[PDB]
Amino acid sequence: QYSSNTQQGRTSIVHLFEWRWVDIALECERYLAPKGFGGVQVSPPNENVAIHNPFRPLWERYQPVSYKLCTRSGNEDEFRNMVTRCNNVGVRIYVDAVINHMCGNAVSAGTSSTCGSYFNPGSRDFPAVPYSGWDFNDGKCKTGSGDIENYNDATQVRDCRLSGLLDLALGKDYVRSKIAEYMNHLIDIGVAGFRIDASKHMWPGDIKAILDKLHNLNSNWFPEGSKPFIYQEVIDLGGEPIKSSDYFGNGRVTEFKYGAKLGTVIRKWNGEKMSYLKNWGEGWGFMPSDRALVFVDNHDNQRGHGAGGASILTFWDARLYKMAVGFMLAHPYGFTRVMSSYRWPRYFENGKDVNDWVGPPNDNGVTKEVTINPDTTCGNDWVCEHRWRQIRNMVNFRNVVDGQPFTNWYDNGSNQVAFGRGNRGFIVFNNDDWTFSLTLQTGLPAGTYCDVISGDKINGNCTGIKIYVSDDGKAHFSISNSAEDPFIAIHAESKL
């Protein structure tokens, strides 16, 4: 469950948040494959509640109605078509598995669901599964409200309803079996693994029993004995009875401390500075590198109300964001996930973005297709951070330097830092309020290297800045603090 199962030499996954299956299938072929992306995390592919107030929020996808593969992203045929086409070009699909719960307990009964299945929350009835009252934790939960009220009590966090979400009785084999059934369908179609939603709200043991029933990955694309890559969503910044480490037995775990600290550092808040990143990783209290799923931001916290709060960097803060994402992708700690977002009408009323619920670009509820501009950015209010040159090139940087050690670290005691990855890559950052002009040991073979932040290597030349590494591995870097992208990166495959 720890192996990503990506093609050899692909090291990142991208979250194509709320994208339609047909758009992801094309993206695999036209972009993710040739640019070296390892795979895609998709939004939950199972039927969910169609929430009409507010109008089709992003959060309705976290309220299952059944396990039919039928959502605004598309139907089962389109899902299968996407998984096949992506696998056929060496790009994996990872499914967002929402298995802790069904929908909100106060949602109205009816067929307001993305595949038209009937369900009745009040009576605990989901016949398209089917699940009935006996399949929920109503009788196990000990709080007066039936909901989670106190995070200091690990059992209620597991047995009670998260904000009213009907809590499945994962201790039961029948329930374990229906979820496994769904996950196996996905596995056999060709899925490489799963993001396990709301893992904190489930006993590590129940997750185990569910995973125990899973098939090996599809033997047309994956070697014999292959197991689904598992990464569990647990937000753990310390101070609670539940710990990320409680889930290591099942797979990787999201390391939410990662983006929270990095965002603090790059913004230079709370006394933090880049030179402190020299012992980035376990040195900062993070979980072991081999269990961490890292990211600068995710679909929840980019809206500003995750544990990292306001310190989380996003596409809205593009300049600092690119740098944070670049630092992440260059650094060997963890397995990296890059965010890909859509724009929404962000509106703050004293502290909250009252539009943080807004779903993807849409025409009356129908998700818009992703259009590609001539310069390869996206239209239809899809941000496509993964297509920004500065990020896309760093995705390749990580592939190029895979397995090389963190080395040749430099810092000026403030916010000018640099480091290498063995003899295959080197990156330099200026986050101080004056220019960074200095000759540095890069660890690389002598030559002329294209900076892949400023530009690209194409046909024996560079479209951007050129860095000259001499016989002793040293190179001069000059980065003005007024640079729009105040960082440079070069690697073995950007050498002329």
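One rule holds for the numbers: they count along the sequence shown, beginning at 1.
- Between the stretches 318-326 and 408-416, it is 408-416 that shows the larger average CA temperature factor.
- Averaged over Cα atoms, the B-factor as recorded in the entry is higher for 436-444 than for the other of 436-444 and 64-72.
- You'll see in the entry that, of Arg195, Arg387, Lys227, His331, the Cα B factor peaks at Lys227.
- By the numbers in the PDB entry, the CA B factor is greatest at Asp173 among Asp297, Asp96, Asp173, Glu233.
- Split the chain's modelled residues into thirds by C-alpha temperature factor. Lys457 is in the highest one.
- Residue-level temperature factors show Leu32 in the lowest third of its chain, judged at the C-alpha atom.
- Per the deposited record, the Cα B-factor of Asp472 falls in the highest third when ranked against the other modelled residues of its chain.
- Per the deposited record, the Cα B-factor of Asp135 falls in the highest third when ranked against the other modelled residues of its chain.
- Ranked by C-alpha B-factor against the other modelled residues of its chain, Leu496 falls in the highest third.
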